[PDB]
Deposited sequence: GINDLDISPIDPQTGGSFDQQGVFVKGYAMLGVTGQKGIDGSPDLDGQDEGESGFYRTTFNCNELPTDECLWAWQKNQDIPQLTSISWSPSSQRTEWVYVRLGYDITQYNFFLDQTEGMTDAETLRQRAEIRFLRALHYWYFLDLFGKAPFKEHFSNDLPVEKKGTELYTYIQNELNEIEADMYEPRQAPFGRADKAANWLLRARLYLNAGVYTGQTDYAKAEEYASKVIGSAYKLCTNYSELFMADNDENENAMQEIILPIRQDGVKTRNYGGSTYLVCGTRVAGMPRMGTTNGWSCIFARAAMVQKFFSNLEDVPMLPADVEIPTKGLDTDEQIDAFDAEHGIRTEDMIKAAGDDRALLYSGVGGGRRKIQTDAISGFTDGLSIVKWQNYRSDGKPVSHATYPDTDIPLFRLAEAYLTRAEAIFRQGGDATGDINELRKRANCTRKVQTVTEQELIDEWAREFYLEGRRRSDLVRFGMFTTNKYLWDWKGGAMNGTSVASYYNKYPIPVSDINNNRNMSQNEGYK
């Protein structure tokens, strides 16, 4: 539908919706697996030191879990096709509005181009290249890779800035200048990876612009991931770009539902939902980001039995956990960090910190960072699907990005790192910053937010022996894998359909 049938406003809104909702066609793929969020999240989380997918029988899960996928990877095709599809939609909107000079359309085009740029970043970060097309048409996309792609995204962002909303002036959910600046800061931070030439001075500069804007850090970390993060100034003042989610109106199995339902199982107190999928749990390496010595991690003694009765309600579960100091609040206290939103209690069965074999959901601690509970205690909209928004872009990213840029430039990054540690009410403060502390802090601050893999690759820790974590590369204590795994392969299906695309080095 074009011309007189083109619903500009409607298509504009759908532009943003692709970030958090699945439409309504790949073979053997549940609709709930096609989302922009879920596919990119898995590609940047499942293979990392942050988490594990409990149901390994699911297609392509073992491959992603241990960094052993191939060009026939179903989950690689999923994110590749999803990213490409969203872009064709943006190109369509831009083509249909081309030539329109009214203030309204200009702003919409700026934001759409912002959204397209973000998508091209994922292509660049995940594949080092992307099936490029500036317009909507029949023509096969051409290949745009590395430096040229990097330069295109940067140029897009630089060109559309002037037309975007001032920081915190756009309707909640839409991207403003600070979102623009944050994306560029991320690009610059990883410029070394994408172009072979680092540019930390620029990453620092754009990070400072974001930090110097109206955005501010939420005083209660957990609130950023709660049901009312779209009706709480404390959380909203930090969320530069949210992915709206609603228990009744905006549902997505791969949306906040994925982060809440996917990390819970029946028996856990305060599930915030009626459905616990028991899918995502933390690896020992994740827990170690909060407990350098895993022996300090509050755990139930192995010689203590868990009653088969009397543990049916949250009240009973909590009381039992308190007796053994294993309530999440007890986990946070022992961790001396508000971000230690983990659970080792008996709700759902005995938990392990590390496992000799990936058997089930309880082989690692549970992650209760995402919640379908409002900080003000008010009712949520639905008993199953969460109202919780996904704060894709948070101000915290600017502090860690500037901190990393300063450190790599030979300066003192303690100031920026302690800004986040202070917010999380950390008992331990950083006296000096090391590469190790930085990558560890990136995990403590952003675990389960869909970016882990990218930070690891930048630190040369994703495939190498520089950092081995439980189950990395398929080995209990971790093992390395080929360096070509730092980039996902181009789906064989697209290699076959578009001769313009060349496979990434290393893959067959």
Going from the first residue of the deposited sequence to the last, where are the unmodelled runs? 1-12, 37-43
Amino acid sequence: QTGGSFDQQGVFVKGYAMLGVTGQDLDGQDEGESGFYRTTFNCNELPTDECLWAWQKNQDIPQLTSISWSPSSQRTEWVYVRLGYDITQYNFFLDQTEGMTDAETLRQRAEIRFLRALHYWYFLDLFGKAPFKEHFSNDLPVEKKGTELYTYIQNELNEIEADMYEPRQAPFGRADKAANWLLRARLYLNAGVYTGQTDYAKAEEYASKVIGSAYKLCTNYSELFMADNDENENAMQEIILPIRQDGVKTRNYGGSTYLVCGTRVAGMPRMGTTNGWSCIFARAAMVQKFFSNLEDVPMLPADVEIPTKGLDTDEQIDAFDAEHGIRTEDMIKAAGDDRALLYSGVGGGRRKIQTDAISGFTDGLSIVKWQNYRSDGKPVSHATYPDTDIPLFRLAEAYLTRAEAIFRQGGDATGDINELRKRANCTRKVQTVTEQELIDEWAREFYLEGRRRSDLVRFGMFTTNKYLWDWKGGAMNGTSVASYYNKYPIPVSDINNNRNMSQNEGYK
From here on, numbers count along this sequence of modelled residues.
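Superpose the two forms; the largest set of C-alphas matching within 1.5 Å is the rigid core.
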Report the stretch with the higher root mean square CA deviation, pooled over structures and residues in 4 other deposited structures of this protein, choosing between 186-194 and 306-314 after a rigid core fit. 306-314
Could you tell me which of the two stretches, 244-252 or 151-159, has its Cα atoms lying farther from the shown structure in 4 other deposited structures of this protein after fitting on the rigid core? 244-252
Residue gap status of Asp440, at least a third of other entries: no
One third of the other compared structures is the cut-off here: is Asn498 left unmodelled in that many or more? no
Going by the average Cα B-factor in the PDB entry, point out whether 101-109 or 116-124 comes out higher. 101-109
Out of 248-256 and 359-367, which stretch has the higher average CA B-factor listed in the record? 248-256
Largest Cα B-factor, entry values, listed residues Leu342, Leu311, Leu182, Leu189: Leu311
Out of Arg452, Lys57, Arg38, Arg458, which shows the largest CA B-factor listed in the entry? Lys57
Sorting by Cα B-factor within the chain, modelled residues only, which third would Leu64 end up in: lowest, middle or highest? highest
Determine, from the deposited record, the chain-internal third of the Cα B-factor for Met18: lowest, middle or highest. lowest
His324: which third of its chain by C-alpha temperature factor? middle
Could you say whether, by C-alpha temperature factor, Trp277 belongs to the lowest, middle or highest third of its chain? highest
Would the CA B-factor of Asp470 place it in the lowest, middle or highest third of its chain? middle
